[PDB]
Structure formats: structure tokens, C-alpha cells
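[1] pasting the first chains of the complex, positions unchanged:
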Amino acid sequence: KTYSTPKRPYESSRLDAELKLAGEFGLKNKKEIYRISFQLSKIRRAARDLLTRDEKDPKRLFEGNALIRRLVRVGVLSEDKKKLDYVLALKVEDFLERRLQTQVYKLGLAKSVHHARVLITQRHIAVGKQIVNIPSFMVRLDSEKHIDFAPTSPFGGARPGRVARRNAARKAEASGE
């Protein structure tokens, strides 16, 4: 599997919680929520077993350093909060923050989360160098400062799109005829 059904999938709490999440982040599935929460469960389970491993054990030492530093390179963790109880303290909304369509809306290139969804799938937003078009990119730090419009996108770039040019030619024909 890559998505796991939560063990009491239809509950008052579960259900209204997913309502809030998908409405606020502009998702379209329980499946998207589940993918994030499943991989968070694996991470946090790893951290807990690491806490079972006692203090100053070499395994705990080295691997805890590894897990903290790679989560801060992913960016969900913050620079001055380097401890395994904080990797225990994470939750789903932090990853759902780090998605891409939320990040376009938060930076301000669009107005609503659904606008950002349509932009990214419309192939206008270009992290870094390529045109990314998958609205769950999980942008890192370096790129989350580098998100912007694609150079061939008619919002931040070349000639206007096909509706605009058929329209300008249509008023050109209006003046001609």
C-alpha cells in the first residue's frame, strides 16, 4: 500500500477533522490526507523507538542527529528546536503546510488556495528551473524562497495566451471590418 485506512475511518472526530483540513488546504481526498499521515506515523514511530533506546547509546546518538537534520532540511522542523521530543511533537498540518499549493497561496502569487491549485496544474508556477505541475510537491527551504512564475508564463513572462490573442485579433477584425 501507499495509503492506509485509519482504523476507525468513520467517526465524529475523524470526519469533522478531515472536513476542516481539506477545506482549508484545498485538497480533494481523504486519500491525500492519508498519505501524509501514514508517512508521519512511520517517522514518529521511528523517533519513539529511538527514545526507548537509552541515553548515550551510539545508535541513538548518530541516528537522532540524522533524523533531526534531515527534517530541518525538509523544513517542517525549525532550526532552534533540535530535539527528538519535538520530532515527536509534529502533526499532519505541518506537512500539509509544506505542500506546494499552500505555499503558492501563502507567498502570495494567487488569492485563494483553489487559485493556486489551478495555477500549478495550469503550468505557470516554476520552482527553481522546471515547470512543476504537481500540487503536492513538498517544497524545501531553498526552493520555498525560490517559488515564482515560469518565464514562459503569460503572468510573469512571454506573450499573452491564446484567449487573449484571439480576442485582440477579434477586435482587430472589428476595427478592420
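    Here it is on my side, so go on. Residues are numbered from 1 along each chain as shown, chains lettered A, B, ... in the order given.
[2] rest of the way, CA atoms for contacts and neighbours
    Fine.
[3] where do the helices of chain A begin and end?
    A:12-25, A:30-52, A:58-74, A:84-89, A:92-98, A:100-107, A:113-121, A:141-146, A:162-176 (DSSP state H).
[4] tell me which of those is the most buried.
    Greatest average neighbour count among those goes to helix A:100-107 (a mean of 22), per mean count of other C-alpha atoms under 10 Å.
[5] helix A:12-25 and that one, what's the angle between them?
    Angle, helix A:100-107 to helix A:12-25, by axes from the mean of the first three to the mean of the last three C-alpha atoms, to 10 degrees: 60 degrees.
[6] gap between helix A:100-107 and the chain center?
    8 Å (C-alpha atoms, centre = their mean, to the nearest Å).
[7] ok, now stretch A:130-144?
    Relative to the chain's own centre, stretch A:130-144 is displaced by 7 Å; criterion: C-alpha atoms, centre = their mean.
[8] sequence for chain B below, add it please:
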Amino acid sequence: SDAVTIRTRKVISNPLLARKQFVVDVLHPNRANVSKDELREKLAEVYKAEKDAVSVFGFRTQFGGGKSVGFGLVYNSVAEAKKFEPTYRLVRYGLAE
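    Putting chain B onto the chains we already have gives this:
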């Protein structure tokens, strides 16, 4: 406008058979995959060479555009070019039948 860029990366030489060796990337923004014949002639002036003796091949274009992966050669004599090339490449270059 178009920076006609084929980087002839992986630059090495072989003077036994007298031919020079180099890989291909194709960096060519707002251009659609420049063709090997105009590449042949362009390589001919840059290496002061023969229109047959230039020989590049096998190009695959990278994402983000203006980048293609291929694999290129040049002979350094007309006899070497006309004898040592396999005939499928000879007809790809339109020198055989």
C-alpha cells in the same frame, strides 16, 4: 537570439584512427531540437573540418527544455570517415544506400 548551444562535453581525442570524441548536451532555449545536419556544418567550421567527417548522433532532450543528451564524434580524414563508419550511420548521414 537563440544561444545555439550543444555542449560537446566529455572532450577526448584519438589520433590512432584520427578522430575526436565528445558527448552531447543541447542547450537551445526557445528552439526545438536543432538537427544534426546544420550541426554537422557548424561543427565543420568550428573544427576546420569536413562536412562528412563531422559525426554526432543519438540525441535525447532533457526536461525543462534547452537540454538534450546525445553522443558525438568527428573524423580527421575523409578516408577514415568514409571507411570506418558503419553503414547505418552512413545512411543516417545519407552517404550510403
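[9] can you report how many residues lie near the residue of chain A at minimum distance from chain B?
    Relative to chain B, the nearest point of chain A is residue A:130 (4.9 Å; C-alpha to the nearest C-alpha). By other C-alpha atoms under 10 Å in any protein chain shown, the residues close to residue A:130 number 13.
[10] check residue B:59 too.
    Using other C-alpha under 10 Å, residue B:59 has 19 neighbouring residues.
[11] and stretch A:105-118, end to end?
    Using C-alpha to C-alpha, to the nearest Å, the end-to-end distance of stretch A:105-118 comes to 11 Å.
[12] ok, residues contacting it?
    Outside stretch A:105-118, the residues that touch it by C-alpha atoms under 8 Å, 6 or more residues apart in numbering or on different chains are A:24, A:25, A:26, A:101, A:102, A:104, A:135, A:148.
[13] let's see it at 10 Å
    A:23-27, A:97, A:100-104, A:119, A:122, A:124-125, A:133-136, A:144-145, A:147-149, A:155 (C-alpha atoms under 10 Å, 6 or more residues apart in numbering or on different chains).
[14] following sequence is RNA strand C, add it:
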RNA sequence: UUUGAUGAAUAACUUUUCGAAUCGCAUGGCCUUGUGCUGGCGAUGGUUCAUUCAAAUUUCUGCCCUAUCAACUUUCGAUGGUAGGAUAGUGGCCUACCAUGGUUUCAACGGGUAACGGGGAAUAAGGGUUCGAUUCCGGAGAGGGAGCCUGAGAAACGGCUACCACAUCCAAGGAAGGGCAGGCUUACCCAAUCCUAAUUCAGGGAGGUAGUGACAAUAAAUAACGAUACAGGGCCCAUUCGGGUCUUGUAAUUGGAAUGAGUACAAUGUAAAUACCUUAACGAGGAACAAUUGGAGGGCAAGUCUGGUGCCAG
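    One more chain to add, RNA strand C, which I have set with the ones above:
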């Protein structure tokens, strides 16, 4: 006594094997100008030995359960000797002539072993808990017993005899052949690699590419933004009175902007080719470029049907 040196064919025998009656080029030198002599640099063969590719046996080292397995071998020599045949070669491999042995609780032997088994055999698991990928399985068969034939290497089984069993074709005299896929698709090329031949090329249904084949398990889209109008009501909880709260509601009009599914020239592609990656040009306003599946609940008639103590209930 040391420093240093040397060693430690005959007799015949036989189907003769041989000591090239074969391809590529020197043109000279000399006089006997005959075209005389002489000659050099490249291929195919042959004598033997070495070496190489192989092959044969062979030393020893290692693999399960079980004594509810104590016997086993001479009943194809079982153990050994001597001699000979046989083999490319030793050796009871085989025969004479003999001796009478060997294995064994340190369990021989025997039984079961699911022995699709195991081998660090195999690359490994660039962090799945032990897991992947490769390689050796071991033998036999190529209608069925039997026998023979070449070649360096075959006991070739897509040679031959006879046999037995099949099954054919015909003018009835004769003749000749060998299962494999499928259920309860058999399209291109020797191009990447390697191989084989008198060998650049020839060839290699080796080796490769492509096409039919939702299954499980992935990532998206089916719309985003704004303006105007018109209305006064919405919504949440309580068992009945009730209570709580507040920008809201409508198949109402309307504006431009975005594009991907598509549609469609090329280039990039490979033996060649499909797809692909790219790429100009078109290409979204609802009866569209027309998504399903499931659940709960009303209301309606000059309508139908049944039961009733009017007009009602089902």
C-alpha cells in the same frame, strides 16, 4: 687436504610414414643471349615435439532423519595376489590360476528424506530483519527393445539393418514417413553483446526491438477570478410550550483572463520503426469538450384498490 672444473647405438621386424609433382610477387647478375643460369619477399600442407583448448580417470576434504535398521558382502570378484586380453591408459575393468576375505556399533548396513533439493555456487540486501538476482540441479529420452557406422571430441539417436507397434499414398504391382503448441500472437533486424565458418561482409526465430495483455498498486483534470442586480430572512440545539444567533439568500443578469484533453507540420529518435522527449498552428461557455455510484425524504389527480359506526383510515 681446498679454491674451481668433466662426464657419471647394434640386431633385425613392417601394406610404408616420409624427405611438397600446390598459390602471391623479385629482374637482376653473367654470357654459354640461351629467353641459359641464378636468385630474393608473401600463401596452402607435411615430420615430430612442446604449448594451448579440452577430455578421461584419481588423492584427499566436507551434506539430513533414524538401531521402531545388526548385520553386509562372495547368489557379475565379495578382498587380494599372479598372468593375459581389452582400453588412448592404470586397475578384478574382464578371464584363467589362486589365496579366503573385506565393512560394522567410532551403528556398517538399512529405512524414510516433501533430494523443485542444496551448494557464501551466485551478485548480494549502497539499511527488507535474512531478502533479492544469477549459476550447478543429477540423469535419461527424442515410436519401442537390439546392433552398426564417421569425426579431435558423439555410443550423434532429425544415418543404416532387422524387429515390434503405429499411421500414410496408389493404377493393388509398390512406396514413404515420425510429435509440438492451445483450451477445458508466432510482426522487423544481425544494429548493442557474443559466436562460427575457406572468415571484415556470409550467418547466428543465439542476441536484440516492437505489437495484443483496466486487474494489485501511483499522479493529475472535469474549472479559477471579478462586477452588478433583486430579495429579508437565514442557521444551530431542545421531548411540547420553546430557546440561541447573525451577512444572507437566488436555475437573476453580466465582464475579461487562464488553459489541457484534444486537433495537428516538423525535429529528436532506431538496423529500420512505434510510442516517447521537444515543437510551431488550431483548440471551453453550457442542450460544452455532457462523471458515476449509493442513501434519506416529501408532495400531486374530476386516477385506481381495500376496510370501516358519515367528510375518515389503509
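[15] please look at the contacts of stretch A:105-118 again, because RNA strand C has been put in.
    Stretch A:105-118 is contacted by residues A:23-27, A:97, A:100-104, A:119, A:122, A:124-125, A:133-136, A:144-145, A:147-149, A:155 when judged by C-alpha under 10 Å, 6+ apart.
[16] check stretch A:50-61 too.
    A:44, A:45, A:47, A:49, A:62, A:63, A:64, A:65, A:66, A:84, A:85, A:88.
[17] hang on, residue B:26 in a strand?
    Yes. Judged by DSSP: H, G, I helix; E, B strand; the rest coil, residue B:26 forms part of a strand.
[18] need the contact list for it.
    Contact analysis of residue B:26 by C-alpha under 10 Å, 6+ apart lists B:4-8, B:33-34, B:59-62, B:65-70.
[19] kindly recompute the last result at 7 Å.
    B:5, B:6, B:7, B:66, B:67, B:68, B:69 (C-alpha atoms under 7 Å, 6 or more residues apart in numbering or on different chains).
[20] among these, name the buried ones.
    B:6, B:7, B:66, B:67, B:68, B:69 (16 or more other C-alpha atoms under 10 Å in any protein chain shown).
[21] done for today, thanks.
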